[PDB]
Amino acid sequence: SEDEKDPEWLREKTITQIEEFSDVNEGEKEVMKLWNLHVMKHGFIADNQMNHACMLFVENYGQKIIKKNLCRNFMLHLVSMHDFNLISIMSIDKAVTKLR
Amino acid sequence: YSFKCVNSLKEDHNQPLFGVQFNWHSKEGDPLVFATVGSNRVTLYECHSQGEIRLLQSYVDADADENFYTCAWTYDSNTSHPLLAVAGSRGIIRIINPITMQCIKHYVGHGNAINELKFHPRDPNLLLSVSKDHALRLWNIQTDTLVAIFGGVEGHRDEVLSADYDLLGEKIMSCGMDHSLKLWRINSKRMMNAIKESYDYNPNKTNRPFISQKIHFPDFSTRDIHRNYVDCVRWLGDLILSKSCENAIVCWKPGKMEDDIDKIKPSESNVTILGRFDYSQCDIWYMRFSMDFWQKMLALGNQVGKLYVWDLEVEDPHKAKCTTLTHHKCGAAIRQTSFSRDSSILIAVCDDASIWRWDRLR
Amino acid sequence: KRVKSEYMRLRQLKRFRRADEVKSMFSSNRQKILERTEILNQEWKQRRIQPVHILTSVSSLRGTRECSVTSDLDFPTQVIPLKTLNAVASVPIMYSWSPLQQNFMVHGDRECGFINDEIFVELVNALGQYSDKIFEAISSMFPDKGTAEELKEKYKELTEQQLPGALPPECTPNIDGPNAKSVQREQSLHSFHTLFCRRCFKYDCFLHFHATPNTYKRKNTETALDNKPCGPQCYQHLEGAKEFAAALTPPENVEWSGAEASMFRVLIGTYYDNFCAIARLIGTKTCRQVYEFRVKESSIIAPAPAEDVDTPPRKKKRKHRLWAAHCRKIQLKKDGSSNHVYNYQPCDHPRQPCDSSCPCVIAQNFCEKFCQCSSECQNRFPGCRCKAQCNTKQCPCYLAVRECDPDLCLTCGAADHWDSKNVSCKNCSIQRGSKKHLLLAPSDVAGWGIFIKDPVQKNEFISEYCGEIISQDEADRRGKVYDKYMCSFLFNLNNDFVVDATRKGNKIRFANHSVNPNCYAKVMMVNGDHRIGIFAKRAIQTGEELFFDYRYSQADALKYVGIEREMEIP
Amino acid sequence: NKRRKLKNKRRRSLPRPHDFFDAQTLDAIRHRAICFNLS
Ligand SMILES: Nc1ncnc2c1ncn2[C@@H]1O[C@H](CSCC[C@H](N)C(=O)O)[C@@H](O)[C@H]1O
Numbered sequence: 583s584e585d586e587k588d589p590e591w592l593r594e595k596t597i598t599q600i601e602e603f604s605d606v607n608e609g610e611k612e613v614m615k616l617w618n619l620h621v622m623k624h625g626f627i628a629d630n631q632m633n634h635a636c637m638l639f640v641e642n643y644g645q646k647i648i649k650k651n652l653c654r655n656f657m658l659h660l661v662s663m664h665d666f667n668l669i670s671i672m673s674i675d676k677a678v679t680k681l682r
Numbered sequence: 080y081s082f083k084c085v086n087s088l089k090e091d092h093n094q095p096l097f098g099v100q101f102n103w104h105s106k107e108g109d110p111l112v113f114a115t116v117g118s119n120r121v122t123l124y125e126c127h128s129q130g131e132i133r134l135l136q137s138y139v140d141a142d143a144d145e146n147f148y149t150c151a152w153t154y155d156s157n158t159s160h161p162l163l164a165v166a167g168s169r170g171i172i173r174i175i176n177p178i179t180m181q182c183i184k185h186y187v188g189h190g191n192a193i194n195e196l197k198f199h200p201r202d203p204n205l206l207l208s209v210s211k212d213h214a215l216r217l218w219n220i221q222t223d224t225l226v227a228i229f230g231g232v233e234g235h236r237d238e239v240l241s242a243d244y245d246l247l248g249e250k251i252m253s254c255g256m257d258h259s260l261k262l263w264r265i266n267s268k269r270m271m272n273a274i275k276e277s278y279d280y281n282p283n284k285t286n287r288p289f290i291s292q293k294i295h296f297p298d299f300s301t302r303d304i305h306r307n308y309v310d311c312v313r314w315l316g317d318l319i320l321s322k323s324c325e326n327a328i329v330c331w332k333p334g335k336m337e338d339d340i341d342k343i344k345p346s347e348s349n350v351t352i353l354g355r356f357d358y359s360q361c362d363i364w365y366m367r368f369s370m371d372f373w374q375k376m377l378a379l380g381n382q383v384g385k386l387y388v389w390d391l392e393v394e395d396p397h398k399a400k401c402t403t404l405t406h407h408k409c410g411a412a413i414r415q416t417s418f419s420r421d422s423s424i425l426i427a428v429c430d431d432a433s434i435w436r437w438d439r440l441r
Numbered sequence: 017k018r019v020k021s022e023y024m025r026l027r028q029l030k031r032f033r034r035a036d037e038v039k040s041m042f043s044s045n046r047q048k049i050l051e052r053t054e055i056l057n058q059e060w061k062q063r064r065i066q067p068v069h070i071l072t073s074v075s076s077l078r079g080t081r082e083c084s085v086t087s088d089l090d091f092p093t094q095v096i097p098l099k100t101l102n103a104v105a106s107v108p109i110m111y112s113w114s115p116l117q118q119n120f121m122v158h159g160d161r162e163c164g165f166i167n168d169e170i171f172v173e174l175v176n177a178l179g180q181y220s221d222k223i224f225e226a227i228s229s230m231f232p233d234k235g236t237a238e239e240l241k242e243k244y245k246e247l248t249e250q251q252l253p254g255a256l257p258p259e260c261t262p263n264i265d266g267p268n269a270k271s272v273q274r275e276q277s278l279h280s281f282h283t284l285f286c287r288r289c290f291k292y293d294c295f296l297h304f305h306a307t308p309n310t311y312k313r314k315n316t317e318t319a320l321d322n323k324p325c326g327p328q329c330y331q332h333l334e335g336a337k338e339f340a341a342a343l344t431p432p433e434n435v436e437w438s439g440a441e442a443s444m445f446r447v448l449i450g451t452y453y454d455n456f457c458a459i460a461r462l463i464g465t466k467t468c469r470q471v472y473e474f475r476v477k478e479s480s481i482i483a484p485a486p487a488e489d490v491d492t493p494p495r496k497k498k499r500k501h502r503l504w505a506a507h508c509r510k511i512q513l514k515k516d517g518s519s520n521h522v523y524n525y526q527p528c529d530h531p532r533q534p535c536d537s538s539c540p541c542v543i544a545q546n547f548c549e550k551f552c553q554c555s556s557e558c559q560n561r562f563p564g565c566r567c568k569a570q571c572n573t574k575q576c577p578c579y580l581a582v583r584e585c586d587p588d589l590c591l592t593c594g595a596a597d598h599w600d601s602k603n604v605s606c607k608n609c610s611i612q613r614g615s616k617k618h619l620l621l622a623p624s625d626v627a628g629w630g631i632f633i634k635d636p637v638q639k640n641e642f643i644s645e646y647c648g649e650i651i652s653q654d655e656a657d658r659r660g661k662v663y664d665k666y667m668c669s670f671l672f673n674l675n676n677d678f679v680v681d682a683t684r685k686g687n688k689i690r691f692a693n694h695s696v697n698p699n700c701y702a703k704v705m706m707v708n709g710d711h712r713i714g715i716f717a718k719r720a721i722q723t724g725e726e727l728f729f730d731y732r733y734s735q736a737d738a739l740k741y742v743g744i745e746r747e748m749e750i751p
Numbered sequence: 170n171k172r173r174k175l176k177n178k179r180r181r182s183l184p185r186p187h188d189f190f191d192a193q194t195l196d197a198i199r200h201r202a203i204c205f206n207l208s
């Protein structure tokens with residue numbers, strides 16, 4: 583195939599572009615790095631997928647969230663989607679259970 | 080400085096001449112053999128006393144109508160037989176063994192043309208062929224398998240023509256018509272894994288072909304050094320030489336003068352300029368200088384046929400005490416120069432199929 | 017000339033100390049040269065080398081040519097025969113590029164730019180060394234006017250003494266970081282809201304918004320609010336605490438951190454009442470002292486709005502034939518031109534209706550769900566309910582340039598099994614990217630070409646034409662550069678943009694040209710993103726070569742794609 | 170296809186498909202032929 587969802591060099595370039603931002607603390611910076619790299623890895627496009635990506639992303643990297651100890655930033659990152667209507671309350675509960 | 084022309088031979092084909100090569104990969108007491116690539120002919124010679132030069136076995140590319148551009152001496156550990164790779168405008172690599180009198184290793188895949196050839200200082204089985212399509216591909220000739228490629232999505236947006244290995248083979252500088260200065264660290268943890276795996280491959284092992292890698296992120300880049308085309312950069316130890324068409328040669332180091340070359344991050348953009356060995360009468364590119372084996376003596380030809388000579392000693396561009404050697408008979412275009420594995424013999428090649436050997440006057 | 021000498025010697029102070037320094041690493045590199053050169057020389061000593069051998073005559077090839085290298089000096093001319101090198105096949109020319117499965121938007160003179168501020172500090176030394222003659226001597230060398238009255242101004246610029254730097258000037262560390270301040274709810278989401286881009290629901294999207308955060312009004316009473324004694328110490332478990340909580344619709434010694442109080446400010450903005458869930462989130466406190474501090478916070482801060490709306494329209498009265506009238510209007514006024522294709526832009530109507538001032542309306546295009554036009558906007562798409570497959574002439578979406586959105590063509594399963602690859606619909610592929618497998622080979626027509634691996638039928642989806650987003654004017658410049666070497670990788674995506682695949686793209690960019698192609702190009706509308714796909718003009722078997730019309734001018738076609746590779750049967 | 174004409178129905182002008190023979194073998198054959206005619 584030689585083709586897939588996401589080329590490697592693209593992953594490198596986006597990570598580098600993240601570091602350029604100065605207003606973002608590294609706790610947040612890692613958050614979208616994992617979350618974004620989760621995205622074009624799978625290429626979700628639907629709101630249903632958006633929610634399904636939530637328990638999916640926490641399922642794969644919830645331990646890594648503990649390892650990075652960037653949970654609190656990650657809950658806030660979730661709340662934005664609930665403000666963007668892509669997240670329901672019970673979805674937030676799922677992340678808490680997965681984390682703990 | 081202590082030099083004079085003692086010999087001069089001219090090829091009968093009258094074609095423009097190109098990259099010279101002296102077999103520094105020799106042993107003590109071996110015959111001093113050097114090679115040169117013409118348009119389609121390839122010729123080898125050995126320097127001799129009294130000013131004599133004995134013509135050695137010479138070949139011609141009577142099948143590929145192309146102008147050869149670069150060549151590099153080669154050696155095989157297995158047979159102890161030296162060789163020499165060649166390249167030209169068609170972007171095809173041929174490696175002839177004088178013991179075999181022939182080339183049996185065929186390597187194609189570059190886009191337009193090849194403009195640079197150089198081996199790894201330690202491993203003789205690794206080669207960089209800088210190409211016209213801005214590509215930096217690596218070959219494991221011993222396994223005939225391709226190794227990682229450099230450039231790509233964030234590489235040079237213009238043709239690269241000049242690149243160099245460092246003394247230990249850890250970082251590789253690259254510069255092209257875009258005047259960009261991109262280098263990549265060989266020691267990067269990923270690569271030697273592939274290089275080791277490059278030596279570990281069997282075509283019959285599996286249907287999956289070997290996975291050469293791709294790089295797009297140099298450890299540093301800049302363009303402020305020259306406002307004109309750059310065609311001559313060399314690893315002066317931890318320092319970097321650089322020559323353009325603007326009749327100047329400049330040496331420089333990354334960041335500040337105290338900054339370690341190996342500590343420099345890719346995000347770095349600062350420059351430290353410490354070279355002013357400028358010249359003139361050579362406002363055109365595609366001229367290449369030469370270095371002595373011990374990195375102690377610099378000699379550069381001229382389009383008008385003169386020489387620009389300096390040592391690599393404590394003599395520094397603070398005053399740049401030049402040595403402008405000149406032979407009246409040679410004035411057309413000094414295309415390249417080549418030292419021996421010492422500082423005794425210098426061979427200057429003119430474009431009009433003529434060479435001019437200068438022997439040290441020590 | 018003393019002032020120039022003072023200025024020169026002031027400049028010389030770093031000048032010769034540089035010369036002293038450069039000599040040092042000149043030496044340090046030289047020893048490193050000596051160490052390494054000897055080391056490699058030692059290994060060169062180890063490597064036994066075979067001495068050269070001279071050429072010999074080959075009996076079977078006496079017809080080979082002989083060369084006589086003429087000696088410029090007195091030396092005799094030496095003769096050695098030539099020899100034909102090995103023959104190697106050559107491949108078509110091609111320039112470097114990088115794979116790409118989406119779309120991406122996009158000297159040597161002077162030194163150091165600015166007049167050196169250290170020379171200003173050297174000029175400051177001229178201020179400190181200080220009557221009027223000194224003022225002009227200061228003012229003469231440096232461009233400034235450094236009289237004593239100007240000494241103060243230079244002193245004023247010296248008093249800066251520091252820079253805020255490239256960082257959030259406010260103390261806003263990551264909340265997980267212990268140094269996180271008691272930041273309010275809004276400021277924390279500022280970093281998230283600014284960076285995020287919902288149209289591709291990624292932070293710092295590479296294909297795209305800053306006008307508003309999620310300022311839309313939303314229902315807040317959807318919570319069940321089964322306030323029960325479930326949190327050992329809670330708003331419940333105490334009638335006074337429970338009654339006070341209901342009426343508001431002292432915390433214990435367990436204090437609240439600034440970071441705890443900061444996201445406490447956030448959690449209220451989410452629920453405004455759910456102390457238990459807040460306590461579930463905030464493991465640092467039980468439900469009591471969460472509700473209590475909520476009482477403390479609600480006592481300090483203003484109460485939340487907590488507003489809900491239902492709108493006058495409920496059902497019906499929105500027959501889609503009324504929408505047919507609107508586009509009929511749009512077609513008759515402006516879209517009758519059928520040439521001014523505009524990229525979608527999210528129109529914003531915070532209080533305005535979807536009037537004729539609507540950016541989508543003036544853009545002759547529908548309002549997307551990303552627009553701020555409400556759920557009652559008449560410029561939005563209705564929903565693509567083609568039962569069998571949203572794929573044919575009866576499919577309005579197929580008639581439209583819009584691919585049936587996953588959330589709309591529920592009858593063709595566009596939303597169904599987004600993970601799965603096979604669906605009933607045919608006009609939903611680009612979203613799923615069900616590309617076919619291709620082969621790269623030197624085309625018969627010219628250089629490299631594209632060949633298909635498997636047979637396909639008419640009007641079947643094929644791989645997209647990926648590339649980079651660039652404006653029309655620069656497309657001229659790059660195109661201007663392109664014509665100097667007969668290159669073509671610019672595609673007129675719409676009236677406002679052209680895509681380029683010269684540097685980034687996928688394999689299909691190498692497709693050749695033909696006037697009678699088996700494939701054709703067709704613009705399409707996907708999720709507010711203009712894209713171009715290719716489809717088979719006829720049914721196709723294994724191993725075909727692919728072609729499509731580049732559709733330049735007739736004179737241009739002769740200029741670039743004049744090869745037609747056709748014999749005339751009649 | 171019933172109206173299928175001869176095989177010539179291919180193209181007007183296309184890049185050369187590259188010749189399989191080589192030069193150095195050609196000279197060897199000629200000299201082999203030359204020395205063959207000598208006897
Ligand atoms: N039918 C045709 N005849 C001659 N040139 C063509 C052609 N179709 C495309 N080209 C050229 O090819 C470029 C498109 S990129 C494709 C290059 C070509 N397929 C090859 O590999 O050699 C255009 O700049 C155009 O000039």
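Residue numbers (the entry's author numbering), protein chains in the order written: chain D, 583 to 682; chain G, 80 to 441; chain E, 17 to 122, 158 to 181, 220 to 297, 304 to 344, 431 to 751; chain Y, 170 to 208. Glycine included, C-beta positions come from ideal geometry on N, C-alpha and C.
Item, Value
"Are the Cβ atoms of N651 (chain D) and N263 (chain E) separated by less than 7 Å?", "no"
"With a threshold of 7 Å on Cβ separation, who are the neighbours of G564 (chain E) within its own chain once the five nearest residues in sequence on each side are excluded?", "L589"
"Enumerated in chain order, which unbroken segments of the alpha helix (DSSP H) with a length of 4 residues or greater are wholly contained in the region 554-587 of chain E?", "577-580"
"In chain order, what residues of the region 229-241 of chain G put their CB closer than 8 Å to some CB of chain D?", "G231, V232 and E233"
"Using a C-beta to C-beta distance shorter than 7 Å, which residues of chain E count as neighbours of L246 (chain G)?", "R52"
"Just the Cα atoms here: how many angstroms apart are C311 (chain G) and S43 (chain E)?", "23 Å"
"Once the 5 residues before and after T153 (chain G) are set aside, which same chain residues still bring their CB inside 6 Å of it?", "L162, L163, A164 and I174"
"Name the chain E residues whose beta carbon is nearer than 8 Å to that of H664 (chain D)?", "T451"
"Have a look at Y663 (chain E) and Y579 (chain E) and give me their C-alpha separation to the nearest angstrom.", "35 Å"
"I'd like to know whether the C-beta of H295 (chain G) is nearer than 7 Å to at least one C-beta of chain D.", "yes"
"How would you write the range of the alpha helix (DSSP H) that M632 (chain D) sits in, first residue to last?", "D629 to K650"
"What residue does the beta strand (DSSP E) around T115 (chain G) start on, and which one ends it?", "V112 to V116"
"Hey, would you say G648 (chain E) sits closer than 7 Å to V680 (chain E), going by beta carbons?", "yes"
"Any heavy atom of ligand 1 closer than 6 Å to the Cβ of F729 (chain E)?", "no"
"Quick one: list the residues of chain Y neighbouring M748 (chain E), beta-carbon separation under 9 Å, in chain order.", "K174, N177, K178, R179, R180 and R181"
"Output, in chain order, the set of chain G residues within a Cβ distance shorter than 7 Å of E594 (chain D).", "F296"
"Quick check on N633 (chain D) - is its C-beta less than 7 Å from some C-beta in chain E?", "no"
"Do the CB positions of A720 (chain E) and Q638 (chain E) come within less than 7 Å of each other?", "yes"
"On the criterion of 16 or more Cβ atoms from any shown chain inside 10 Å, does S220 (chain E) qualify as buried, or is it exposed?", "exposed"
"Would the beta-carbon of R133 (chain G) fall within 7 Å of that of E125 (chain G)?", "yes"
"Give me whichever residues DSSP pairs with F295 (chain E) in a beta bridge.", "In DSSP, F295 (chain E) forms no bridge with anything."
"For the region 145-191 of chain G, list the beta strand (DSSP E) runs that are entirely contained and at least 3 residues long, ordered along the chain.", "147-154, 161-167, 172-176 and 181-186"
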